[PDB]
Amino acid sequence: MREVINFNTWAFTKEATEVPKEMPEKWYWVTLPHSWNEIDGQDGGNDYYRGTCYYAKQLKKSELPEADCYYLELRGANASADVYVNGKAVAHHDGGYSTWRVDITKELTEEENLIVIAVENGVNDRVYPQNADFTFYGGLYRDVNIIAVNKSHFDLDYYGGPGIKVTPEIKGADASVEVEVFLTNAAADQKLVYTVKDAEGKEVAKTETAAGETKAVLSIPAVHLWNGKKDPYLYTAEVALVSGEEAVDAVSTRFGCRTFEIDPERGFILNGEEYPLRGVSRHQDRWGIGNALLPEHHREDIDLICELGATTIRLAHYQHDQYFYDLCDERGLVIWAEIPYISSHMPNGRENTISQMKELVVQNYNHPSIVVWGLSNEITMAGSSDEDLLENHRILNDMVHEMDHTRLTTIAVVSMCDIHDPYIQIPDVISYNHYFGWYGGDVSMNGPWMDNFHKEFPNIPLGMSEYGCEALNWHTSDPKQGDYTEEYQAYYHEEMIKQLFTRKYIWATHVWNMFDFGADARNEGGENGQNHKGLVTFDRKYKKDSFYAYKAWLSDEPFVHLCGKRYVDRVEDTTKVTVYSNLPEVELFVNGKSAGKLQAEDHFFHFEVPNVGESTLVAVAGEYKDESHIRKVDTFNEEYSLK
């Protein structure tokens, strides 16, 4: 009989200094998801308002189903929030990326109850993040829910977890699945019925023990393994708590059956066979709405990612929305989840690392798509590691290892960090953030660097958690690092793909970033407030040419893509032309006359064609075609150049 009520439709202000004692009448109206940094946090100057803001909404006991207790669930309040019911402080949280709850049954004394939520995203030495290349969008950017449950219920107060913990064990062709639940105010005489359901919902296992036994082991014969995108099979665990034979409360969670390994020489292994993890990272924001994404935004992001053919996503730099982790479960993406422990170690932030890390594991333990827990990102950027940095990490490593025996810990290291720094040796695996070819150096340096690490530390699995290069709507025929041209970014990824994708020992690579994202302190490239290293634009409206370089290597979608479509006016008499395709042969036609048929090891078909007058280019690979136009001109169209 557990019921969930949406509570998203709220008075807001940034000027209050105190909890209002009655419903405000002159405050601005918002419906959640909401953030007050939607505009000021994506235009630059690092001027997005950071402070304390108040939300106000009235909760009428009448317009409510009746249960023994009413909880207020908050899926995301960035960064720190305080909750008042009728003026009385009832709950506080620090961490803008996790779910927390609060039982408010006793505070609903009135017919109409005033719920005020203050949210804060300022500076302080306690709550992460504080130093990162991404806007700390303030507010209630995820749902706010009201949960009505029986007096006896599965746990809602333990670190915002689901109250159920499923752990499959694979014995041969069968699965033995531990389904542990956690109860609150349970009577010794109640029973718990455990059911494991089919992908089509057909009951495959069921058992029944008393409330006293919150753990059970159900067998699944001939279990269909969660084999990622090949076959991302999902079972459904479902526990009901019964009084008499009435079921007063029940919880559930989809789950997946899989084993995996991270061999330091063979790379990632899934269910016994090698499964190369090649993919991208994604931030949880979009142009114009800050980070108040709706479900369709998640759906659209994953669709664009799966269209690219990525088999892994690095979900930096923080815990993402549950719905997006679900999508990754259904689609078969291997995910790297982490906490906002980044850039500089604040000693007084140790508690917050432990707090967020626990919510990360507790709330997401049941996502088959997740295989590693990231402890920190570029944490030694400030300098070499301290004893306090090392202790803070060991504490987290041990805590994760004890809570979850089925996954591995990882680290994302700043490029410059000495490979002999003690902190690299703490977690199971590690990945480096390298920007050779954008932040100086040459893109040819990446391959060698990785190799030379692997020679030094051949038994620590090494990944590339970050690589990328900026790209706006600038174009040139001589791509060069620093021009922000779509072409150079395309050349950069061509070389990166050829270097990384051919090295099996790199257990995972992650393009930074899949999309452009909000970083209000950025002021470069002709458009401020954004990091432009994505393969797709901040509004998900334009796939850059580099997006198709990756489709050529990783997608089973037959396609043909002409690069350069936005670079029309060119001065040279002969011009270079590049086609990306996952098909063997590609023929290019300039104004109807074929310029040749080509194949390519690396799926990058490089043509050279005469540039005379106005020409129309057409790429054909079997039954697939694409269209580009160009035009000779006497001088370079400066509208293409950043200057």
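We number the residues from 1 along the sequence you see.
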- Deposited residues missing from the model between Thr9 and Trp10 number 1 to 3
- Query: Between 484-492 and 127-135, which has the larger average Cα B-factor in the PDB entry?
  - Reply: 484-492
- Query: Which wins on mean Cα temperature factor, 103-111 or 313-321?
  - Reply: 103-111
- Residue of maximum C-alpha B factor among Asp418, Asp326, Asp94, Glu351, per deposited coordinates: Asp418
- Query: Highest Cα B-factor in the PDB entry belongs to which of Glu245, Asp404, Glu274, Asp516?
  - Reply: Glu245
- Query: C-alpha B factor of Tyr439, ranked within the chain: lowest, middle or highest third?
  - Reply: highest
- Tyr341, C-alpha B-factor rank within chain (lowest, middle or highest third): lowest
- Going by what the PDB entry lists, where does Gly613 fall on CA B-factor within its chain: lowest, middle or highest third? highest
- So, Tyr70's CA B-factor, relative to its chain, sits in which third? The highest
- Rank-wise, by C-alpha B-factor, drop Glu585 into the lowest, middle or highest third of its chain. middle
